[PDB]
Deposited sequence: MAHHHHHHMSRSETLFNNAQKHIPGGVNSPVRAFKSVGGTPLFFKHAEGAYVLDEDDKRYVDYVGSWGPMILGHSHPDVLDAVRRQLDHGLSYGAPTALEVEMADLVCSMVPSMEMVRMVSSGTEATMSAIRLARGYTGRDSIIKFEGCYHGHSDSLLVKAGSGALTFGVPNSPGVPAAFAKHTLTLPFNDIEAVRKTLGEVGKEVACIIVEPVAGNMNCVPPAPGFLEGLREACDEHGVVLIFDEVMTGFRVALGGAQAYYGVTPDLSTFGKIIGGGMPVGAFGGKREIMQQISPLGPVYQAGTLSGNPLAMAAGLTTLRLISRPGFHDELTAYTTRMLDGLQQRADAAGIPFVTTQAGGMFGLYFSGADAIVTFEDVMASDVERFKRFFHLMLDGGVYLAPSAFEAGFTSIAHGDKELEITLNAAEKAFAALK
């Protein structure tokens, strides 16, 4: 019995399912989860001293690799001055200025504790700004588990998708198909006067990685313009990763509000929301809209260091090039083994699919892929020293620490895994 199996057994007594984060229980891939105790560069180390090339990166933040020495040094130096205060700091001013200089759509920005809180605040601001109650989201997108997002389409605009959520809290949420601009236009033509905002992951990352179809994001911008709707980009995963200026820069579409995740905290817990000044000015204390969440200096220090380091010229081109080499090598080995396989990519974000589709465009494409084969592939890849996302429905992430040695390990593991399928 391994150290991870022992910890997992012991964890069950006081932690539901043995995990604080549900996906970590391996229910989406089978087996018992690995416990980790160390990470460095492109690698994570489990409690049984096995080292894996990491393609989760704590779900996005670790674009510099784990334990980048400049980031760690910045946190170490900040530690001397205290873990937190109850009051404003110069670091928070530096961070707000830097983020708004890097992402032009951000004219003002707020730091909060999480992406979930950032979503709550952004939608509430959109509702306050427009005087409208309803929102549009897309099936397969994730913006946090707040009650009015725990909903599916109504056959009332929405109905709860899980227990503990009152029906009334779902009635203002419309759920439309990702990458279906005509459905957006039709819905806004019918009830657009009621819709405060459209929220979207510009690259979906929580139904595996699904990039936007041609014209989709541009169509959302135009439809929102025409109907007076606030366009919200959820860049918790895509921010500073698909490109320096995020998916909005990469695809050239400017939202009214954006949410950002732990990358701006260099890996430490944090979230942010920001965007057009006229909308942001409604937030307390100068405006009447309450904020969900009430700037940790370690996260600010880590994030400032991280954002400066990834501003090096060519950073995302290098990251993109590694990712393409990896996906190319995977496709080559899947083709050689006769395994239907297709990939998606947006910068340092990728998706792997056991599917015969020519391209993954819709939620239906995702759900139609061979999930059971992915589960087997995941465990075969663990055997080869590679740690993919433990779910067929989660995007993967590369880091600047991934180099020739990690690519060789990854491709050799995949060759053996494909042979065993």
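Not built in the structure, per the record, are deposited positions 1 to 8, 164 to 166, 306 to 307, 435.
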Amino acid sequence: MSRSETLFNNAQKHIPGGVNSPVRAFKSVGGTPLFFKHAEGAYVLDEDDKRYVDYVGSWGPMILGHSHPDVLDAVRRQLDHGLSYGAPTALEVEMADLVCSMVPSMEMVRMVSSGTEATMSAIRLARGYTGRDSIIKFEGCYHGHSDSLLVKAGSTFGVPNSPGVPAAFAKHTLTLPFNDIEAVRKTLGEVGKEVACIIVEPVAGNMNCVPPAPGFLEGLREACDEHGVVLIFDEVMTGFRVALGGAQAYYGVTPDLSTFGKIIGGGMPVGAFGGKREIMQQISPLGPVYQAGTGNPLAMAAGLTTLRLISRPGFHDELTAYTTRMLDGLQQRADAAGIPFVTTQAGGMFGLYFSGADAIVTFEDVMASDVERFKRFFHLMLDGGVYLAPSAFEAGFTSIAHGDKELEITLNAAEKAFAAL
From here on, numbers count along this sequence of modelled residues.
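Higher mean CA B-factor, judged across 113 to 121 and 256 to 264 from the recorded values: 256 to 264.
Taking the PDB entry as given, 56 to 64 carries the higher mean Cα B factor of the two stretches 56 to 64 and 367 to 375. As recorded in the entry, 312 carries the highest CA temperature factor of 127, 145, 277, 312. In the deposited coordinates, the residue among 172, 132, 308, 77 with the greatest CA B-factor is 77. Among the modelled residues of its chain, residue 191 has a C-alpha B-factor that falls in the middle third, as given in the PDB entry. Annotation for residue 337: CA B-factor lies in the highest third of the chain's modelled residues.
Residue 25: CA B factor lies in the middle third for its chain, per the PDB record. Ranked against the other modelled residues of its chain, the C-alpha B-factor of residue 234 as given in the entry falls in the lowest third.
Compared with the other modelled residues of the chain, the Cα B-factor recorded for residue 410 ranks in the middle third.
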